[PDB]
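Peer 1:
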Amino acid sequence: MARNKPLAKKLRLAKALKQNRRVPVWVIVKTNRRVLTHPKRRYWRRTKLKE
Amino acid sequence: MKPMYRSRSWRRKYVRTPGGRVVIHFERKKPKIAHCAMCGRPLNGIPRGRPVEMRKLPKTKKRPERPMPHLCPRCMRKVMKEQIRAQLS
Amino acid sequence: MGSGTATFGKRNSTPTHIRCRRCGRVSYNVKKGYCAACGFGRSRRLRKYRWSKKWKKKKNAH
Amino acid sequence: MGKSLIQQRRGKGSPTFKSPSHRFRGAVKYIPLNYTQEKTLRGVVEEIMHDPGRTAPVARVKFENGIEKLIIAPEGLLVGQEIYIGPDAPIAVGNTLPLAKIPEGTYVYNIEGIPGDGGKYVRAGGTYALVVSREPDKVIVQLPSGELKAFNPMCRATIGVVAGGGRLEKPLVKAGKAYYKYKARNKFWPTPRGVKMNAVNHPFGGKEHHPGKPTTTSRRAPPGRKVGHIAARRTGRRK
Amino acid sequence: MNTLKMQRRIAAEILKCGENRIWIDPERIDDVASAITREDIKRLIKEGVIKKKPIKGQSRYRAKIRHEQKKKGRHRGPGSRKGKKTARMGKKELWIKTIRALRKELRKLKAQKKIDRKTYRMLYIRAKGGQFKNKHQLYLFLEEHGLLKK
RNA sequence: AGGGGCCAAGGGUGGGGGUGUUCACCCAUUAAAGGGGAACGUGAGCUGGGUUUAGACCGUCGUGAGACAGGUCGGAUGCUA
RNA sequence: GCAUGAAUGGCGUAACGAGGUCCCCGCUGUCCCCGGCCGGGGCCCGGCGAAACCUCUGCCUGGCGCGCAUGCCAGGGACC
RNA sequence: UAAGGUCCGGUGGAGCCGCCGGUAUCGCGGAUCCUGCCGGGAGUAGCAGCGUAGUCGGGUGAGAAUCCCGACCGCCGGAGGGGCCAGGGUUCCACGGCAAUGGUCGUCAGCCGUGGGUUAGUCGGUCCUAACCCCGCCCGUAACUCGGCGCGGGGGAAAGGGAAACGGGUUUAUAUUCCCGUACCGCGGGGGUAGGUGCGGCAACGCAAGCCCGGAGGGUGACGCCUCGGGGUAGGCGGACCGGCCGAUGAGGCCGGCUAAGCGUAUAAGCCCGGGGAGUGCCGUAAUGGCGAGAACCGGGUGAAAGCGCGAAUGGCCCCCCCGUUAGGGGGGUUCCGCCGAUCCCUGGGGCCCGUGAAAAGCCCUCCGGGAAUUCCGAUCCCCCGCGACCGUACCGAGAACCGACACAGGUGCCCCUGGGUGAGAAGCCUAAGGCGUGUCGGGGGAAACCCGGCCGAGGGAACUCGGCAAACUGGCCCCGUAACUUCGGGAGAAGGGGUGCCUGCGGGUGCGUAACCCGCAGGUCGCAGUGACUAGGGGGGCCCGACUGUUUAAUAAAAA
RNA sequence: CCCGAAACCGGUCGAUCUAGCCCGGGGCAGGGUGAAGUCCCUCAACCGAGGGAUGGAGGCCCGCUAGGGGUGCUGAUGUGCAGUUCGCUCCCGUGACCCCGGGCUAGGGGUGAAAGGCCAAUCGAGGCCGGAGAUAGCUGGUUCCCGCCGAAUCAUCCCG
RNA sequence: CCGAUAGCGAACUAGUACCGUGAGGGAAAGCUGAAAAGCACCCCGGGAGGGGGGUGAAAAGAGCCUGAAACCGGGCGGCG
RNA sequence: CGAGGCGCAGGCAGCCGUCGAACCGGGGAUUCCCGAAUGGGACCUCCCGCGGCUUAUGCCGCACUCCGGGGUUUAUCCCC
Numbered sequence: 001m002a003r004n005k006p007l008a009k010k011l012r013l014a015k016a017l018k019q020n021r022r023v024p025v026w027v028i029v030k031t032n033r034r035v036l037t038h039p040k041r042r043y044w045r046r047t048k049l050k051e
Numbered sequence: 001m002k003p004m005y006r007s008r009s010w011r012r013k014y015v016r017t018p019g020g021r022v023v024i025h026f027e028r029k030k031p032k033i034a035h036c037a038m039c040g041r042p043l044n045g046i047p048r049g050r051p052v053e054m055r056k057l058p059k060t061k062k063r064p065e066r067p068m069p070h071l072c073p074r075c076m077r078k079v080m081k082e083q084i085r086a087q088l089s
Numbered sequence: 001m002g003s004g005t006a007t008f009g010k011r012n013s014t015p016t017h018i019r020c021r022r023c024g025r026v027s028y029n030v031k032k033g034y035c036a037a038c039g040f041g042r043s044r045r046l047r048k049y050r051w052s053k054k055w056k057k058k059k060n061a062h
Numbered sequence: 001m002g003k004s005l006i007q008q009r010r011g012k013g014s015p016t017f018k019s020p021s022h023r024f025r026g027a028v029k030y031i032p033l034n035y036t037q038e039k040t041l042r043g044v045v046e047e048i049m050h051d052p053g054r055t056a057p058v059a060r061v062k063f064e065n066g067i068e069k070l071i072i073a074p075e076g077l078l079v080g081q082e083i084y085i086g087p088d089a090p091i092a093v094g095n096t097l098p099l100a101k102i103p104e105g106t107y108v109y110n111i112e113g114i115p116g117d118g119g120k121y122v123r124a125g126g127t128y129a130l131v132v133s134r135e136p137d138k139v140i141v142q143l144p145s146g147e148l149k150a151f152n153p154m155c156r157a158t159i160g161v162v163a164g165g166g167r168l169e170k171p172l173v174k175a176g177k178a179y180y181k182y183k184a185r186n187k188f189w190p191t192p193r194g195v196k197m198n199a200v201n202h203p204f205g206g207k208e209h210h211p212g213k214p215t216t217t218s219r220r221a222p223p224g225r226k227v228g229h230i231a232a233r234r235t236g237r238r239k
Numbered sequence: 001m002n003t004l005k006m007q008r009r010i011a012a013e014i015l016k017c018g019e020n021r022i023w024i025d026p027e028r029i030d031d032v033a034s035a036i037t038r039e040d041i042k043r044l045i046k047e048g049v050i051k052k053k054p055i056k057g058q059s060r061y062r063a064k065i066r067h068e069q070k071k072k073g074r075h076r077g078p079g080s081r082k083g084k085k086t087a088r089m090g091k092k093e094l095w096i097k098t099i100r101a102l103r104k105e106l107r108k109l110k111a112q113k114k115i116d117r118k119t120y121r122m123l124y125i126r127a128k129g130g131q132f133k134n135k136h137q138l139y140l141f142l143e144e145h146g147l148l149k150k
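Protein chains in written order, with the UniProt record's numbering: chain A, 1 to 51; chain B, 1 to 89; chain C, 1 to 62; chain D, 1 to 239; chain E, 1 to 150.
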């Protein structure tokens, strides 16, 4: 099917997805150069996981 | 559908939509012949149907009128001869 | 098994190891029902050892 | 030194050496809670089946107190034969009675060794025990090996012979058909020889075909060294 | 920018035809570019800017002439043949065919009264036993006997 | 037509049959079918049959593991200067 | 029989084998003896772009020397 | 002497010396040192080898061989296409871009940025239980997060078992789920009537079921192997009619012509039942074979698929003639007859056996019936009111989303295995639906040497070499004929020899009436060659070893082991 | 002084690789040969003889069906496409066959049609951690300068 | 005592990124300036790229204090 | 403590605070799911047997294993 996620696993996948953003520009102003790179960036292909 | 392998509950009829899409459907397996069991013979006046279908169908099909619908009339043809001999003595 | 490693390796596909209900590391082996890291399923206790492993992360945390 | 041997694996009860118990069929019980004396008990052959792991045919019997149990099938049984259990069972084939109640010089099988333990003796295809002599003290019965064991007279047994004779009269034919039989039973196979097994694998025999030390082994020899002709009294076929 | 890659897939589902069959007018690329919706694609279908190629069919002429010729006993000499003898015609299958008529034949005759209950047994039984070639032969052999002929 | 000796390397000094064979044995030719050296010329050229891996067999030896320049089948030939 | 031999199996064997060895017929560039062709590389251009490894370097021959030298010694060749 | 000290200039823009006494994780050239940074190699190799693909106009943009549109030229054809399990995890979809990423460019994208999307009473999970597992308890152990038994309970298949649903429509993205239509599960009411808790028929048997808590029992759930035959229809193709098209001549060809799940009413070989009564004993099947424990033969009954109608004038195909910057539309007509040939699917026989081939949930029946019954009762019959606890659904599923660090020529399950031509064929080639030209770097030198794939070589016919290794030859099919040996089964497709095309005209078989195929025969005739292509065994003999088939050092040894 | 290996041992962690064992499923174009079994005709008193049919078995054959294996080319590659690949050729291809999912067996243990093979790029005893900075008579290295003196490479003993 | 190739695994986004089926293994990554004035306005450029002018001082102009060596371009001297 | 704050984190925007914030101490409220995880199983989710209560949804309290005491058909079964 689907497969075939468990509800929770989708919660976890969703979280990893959240971590896989790019910071916003304004924080960056607030910082005035700065913590960047966002360090977690996870690529779907590039990386695994956990499950 | 979700079953791919041609497993037993899987088995297939071709179905047409008019869309001309032509999609595969599963079919329910075709009926095994209930036995007398007291002597092995397929039973007259006893249905064939799919074991699910018998739930939502009629009971008339599921028996003959004579006692022990499960066994054949001739095997009952033994059993009464015995029952009386048993009441007599 | 030896070489021809590319030819071989279609399993791993199946998973036997996860984020654990108890610890959260990547070792709750679905098949055994045992976490390699924490020891959940196997024991009431957390896995901890003289060598250690578990301890090392904790000290490191301090 | 070398690994545990082929026999030592067996003993573990590990699964290559574990009998299936889920494709295999019932065991014999005669049941002594309704006793032999003050009998009550006849039954009807409900069906006859082949038991895979006995390599013999076996009977399901429907008793008239309402219990269903298997009894090892006699030759020349019909489905709807009545089998009786007790001493006041008729003296005929397939009927079960105590040894004392059974005549001398009649063929008998399924003999008890402790009264009321359900048959622990003569339960193979086509072979049979002979009642040679009977005395109220002890009844001596002659076993399939030619060898006489004394049993209590209040053991049960069934009159007749076992069914499924000729069993080794027909051959096994090929390695395929044989493979098929061993799955039906349990018997570690294909089984090779120790002689071209390496010195690690097995106590006797090296790289090439020749035995190490003598094949013939002690009766006080170790586990894992008790292979070959075990405690052989003689060997060969000559003076 | 200017997609159009989806718009083709979408058009494909509305038209219920293959992607490869879609014809977009070359003069009207700009108009299809501004097509975002299916409803737009549907407009463009009516205006004749989005069309379907015709589905081909392989010609059977060449088959037909062969089929007629093979129906007529031709193109089947020892030099066109590719399978072994039984292969064209299954030796069990033909026989399975052969015997049923010999039996129908006798059966027809059983109702007609021509042959007594007394000949038929020998004949029917003879048919299982392969004496008859068949229809012509059965007719001949009984005719020789006399009882058929009556 | 030889035997034996001197000068002389300019040129020539082969083809096959057995053998893993350098050697050697033989055949028919040939004018003659010479010898030796070059990492026992020549594997960042080939070939890889043999010698001396890991599989196996026989004989001998050895209690046995196991061995043999005894016999024997099989057993990879890397690199962009 | 340097140093065979009977269930540490002897002998023999139809059928069978991507097994070892030998012969014959057909066939055939394996060979006498190589040519031409074709397509992909090679080779050039444009864009893209690594590695192995790295004391140095225009030698050759002899002698010597750790006895198997571009570099010592003596000649010769020597423009990049 | 020197280890090292000191001064000037430039740079730099806050800390720093000397002496004396102390102290040490105290001085670096090597450690196939360790780490970090960097050059040559190179602007070289790779960006080729596998069935070798693009190309012209035009659109867009700063920039176009590789983005898009059309035309034109190809590959693919059980897959380079379609649907999916695992697994991945937003890769999906839209808009805006190109610094990086993509074996090259890039205006594209799977990258970057920013937004958005997976909706379920009737699909599956969930339930059952398997092989098997765990827990408590009993016990062991010095003891346990250890250990096997015996009890008692609980768990165990997203391809077993199993309640019930399809079609059409719509979305940028989802849909059997949202919508529309039609259908229906479970439970819970209500209202009627069969029902003095069913009437009516000799019988083989009739449906508008059988009041009821309870437990019991019994069938069906329910299972190994392979033929053959019987049925179903997905569906391939000729003829005829209706439109669309292409078009020397206006022919022939291409194309659209469809009917769902759910119901109602019908299934019928198996299998029973009456009548009758086995004469040299008869009869049947494709076949083995049945019969006096009921034949031959006549009437019945009885249980898979299948047809028709409902579902459905619809809807969905297919055209025509008008409205136009546009939007939203309108009116029309066709939407058909047969006969014929097939995978599979379902149903009987039958052959097999030193595998004799799990359970239960659930149904259906029956035994008993705790009680309620005549002011009655009950609802399997109808019809009708209400409701649906929970998780999953995107996309991919692959010679770029999996796994191999790589978008790796690898290799991992199913299903479409019956598209047309071919031909024994799920074979090759070609070709249709469908997909693609991103198995992602281009261009040039007629391109010489050399190297890989491959083609052809006179004469000679293994002289090569350890060795005919490699390669060649035979070749499909039909006919003839067929040795030694032999475990009589085989050897054997021995060997060797002949034939095979097209056309024109016949005959046979099966059937029904000229269908659908198949098997022969004669004449005429062309080529070098008729399996002309593709497909497609070289043969023969002695000897050694091992009986064979199988297995073996997964990855230098497949053998005699 | 510093570094340097093959071990050994103790406690742990793997059967998603792979081996066998078990449950429950699935896959395998087409073609050949033709056994038992059964039938008939003609000819014979019988003994049998000749012919033809029907049926359909096989650890069976052919086969580049799918799928499994991997013989030769000692070819192509050999800083690969690939840490075990490619094409032709070749073996098997209804089976002692292949395959999926579940489930079992763990390190002197398992498993093995048994090669010392296999048990997750690691097997004549896996991996991880600890003992552990093991210890080696053995290789390599051991860094500022200057001044002064300046060797022995012999003897006896020693599992040396 | 050490002082960012050092000292705690880790001066920080650390037990992170990442590896491994798992047990377990495991980095690197500190410095603007007085003030952010963190680059307006003007010229150029397809241009988010880059150059001139604009700060006490930009070898203080965005991992921005200093700013070595290897090494790379150009230029000067010399050789060629 | 007391006159600015709104964590690391200098942005933009807006906000709060004398009826005294931020902050510090003490006390209190809320404190998901999994976890010894205790009703049962699980791949961090799901199902279920009682009893209380609101008309219903909602909501509140409970049933693994010892010891101590009860209840009763003394089912060793259930309750504090």
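By construction, the Cβ of each residue, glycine as well, lies at the ideal position given by its N, Cα and C atoms.
1) So is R19(C) in contact with chain A if we call contact Cβ pairs under 8 Å?
2) Provide the residue(s) that pair with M49(D) in DSSP beta bridges, ordered along the chain.
3) For residue 191(E), which beta-bridge partners are listed by DSSP?
4) Taking only runs of the alpha helix (DSSP H) that begin and end inside the UniProt region "Disordered" (45-71) of chain B, which ones reach a length of at least 4 residues, in chain order?
5) Please identify, using Cβ separations under 8 Å, the residues of the segment 18-37 of chain A that lie next to chain C, in order along the chain.
6) Are the segment 115-129 of chain D and the segment 156-163 of chain D touching, with three or more C-beta to C-beta distances below 8 Å?
7) Tell me the rounded alpha-carbon separation between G49(B) and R8(B).
8) Would you identify the three-state DSSP class for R12(B), choosing helix, strand or coil?
9) Between which two residues does the beta strand (DSSP E) containing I24(E) stretch?
10) Could you work out which residues of chain C lie near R46(A), taking near to mean beta carbons separated by less than 8 Å?
11) Kindly say whether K50(A), judged by its beta-carbon, lies nearer than 8 Å to any beta-carbon of chain C.
12) To the nearest whole angstrom, what separates the beta carbons of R42(A) and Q19(A), a pair I think is in contact under 8 Å?
13) Going residue by residue through the segment 88-126 of chain D, where are the continuous beta strand (DSSP E) segments of at least 3 residues, counting only ones entirely within it?
14) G116(D) to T40(D), Cα distance in whole Å?
15) Could you tell me how far apart the beta carbons of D25(E) and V49(E) are, in whole angstroms, since I believe they sit closer than 8 Å?
16) Around the Cβ of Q7(E), are there at least 16 other Cβ atoms within 10 angstroms (buried) or fewer (exposed)?
17) At a Cβ threshold of 8 Å, is residue 135(A) touching chain C?
18) Give me the residue from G194(D), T217(D), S218(D) with the minimum Cα distance to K207(D).
19) Grouping DSSP H, G and I as helix and E and B as strand, with all else coil, what is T16(C)?
Peer 2: From the atom records:
1) Along the third sequence, one-based indexing puts residue 19(C) at 19. Yes - at least one Cβ of chain A is within 8 Å of the one on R19(C).
2) Here residue 49(D) refers to the residue found at position 49 when the fourth sequence is read from its first residue. Paired residue(s): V58(D).
3) Lying outside 1 to 150, the shown extent of chain E, residue 191(E) is not represented and no answer is given.
4) 59-62
5) none
6) yes
7) Residue 49(B) sits at position 49 when you count from the first residue of the second sequence. Residue 8(B) sits at position 8 when you count from the first residue of the second sequence. Their backbone Cα atoms lie some 16 Å apart in a straight line.
8) Residue mapping note: residue 12(B) aligns to position 12 of the second sequence, counting from 1. Three-state result, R12(B): strand.
9) Position 24 of the fifth sequence, counting from 1, holds the residue named residue 24(E). Run containing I24(E): 22-24, per the beta strand (DSSP E) assignment.
10) As a position in the first sequence, residue 46(A) is number 46, starting the count at 1. Those within 8 Å of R46(A) in chain C number zero; the least Cβ separation is about 17 Å.
11) Here residue 50(A) refers to the residue found at position 50 of the first sequence. So, interface residue.
12) Here residue 42(A) corresponds to residue number 42 of the first sequence, with the count starting at 1. Here residue 19(A) corresponds to residue number 19 of the first sequence, with the count starting at 1. About 6 Å; that satisfies the 8 Å criterion.
13) 96-98, 107-109
14) Looking up residue 116(D) in the fourth sequence gives position 116. Looking up residue 40(D) in the fourth sequence gives position 40. Rounded to whole angstroms, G116(D) to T40(D) spans 16 Å at the Cα level.
15) For the purposes of this step, residue 25(E) is identified with residue 25 of the fifth sequence, where counting begins at 1. For the purposes of this step, residue 49(E) is identified with residue 49 of the fifth sequence, where counting begins at 1. Indeed, because the Cβ distance is near 5 Å, the residues count as touching under 8 Å.
16) To locate residue 7(E), count along the fifth sequence from 1; it is residue 7. Buried: at least 16 other Cβ atoms inside 10 Å.
17) Chain A is shown from 1 up to 51; residue 135(A) falls before or after that span and cannot be answered.
18) Position 207 of the fourth sequence, counted from the first residue, corresponds to residue 207(D). Checked all of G194(D), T217(D), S218(D); the closest Cα to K207(D) is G194(D).
19) Residue mapping note: residue 16(C) aligns to position 16 of the third sequence, counting from 1. In the structure shown, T16(C) sits in coil (DSSP, three-state: anything other than H, G, I, E or B).
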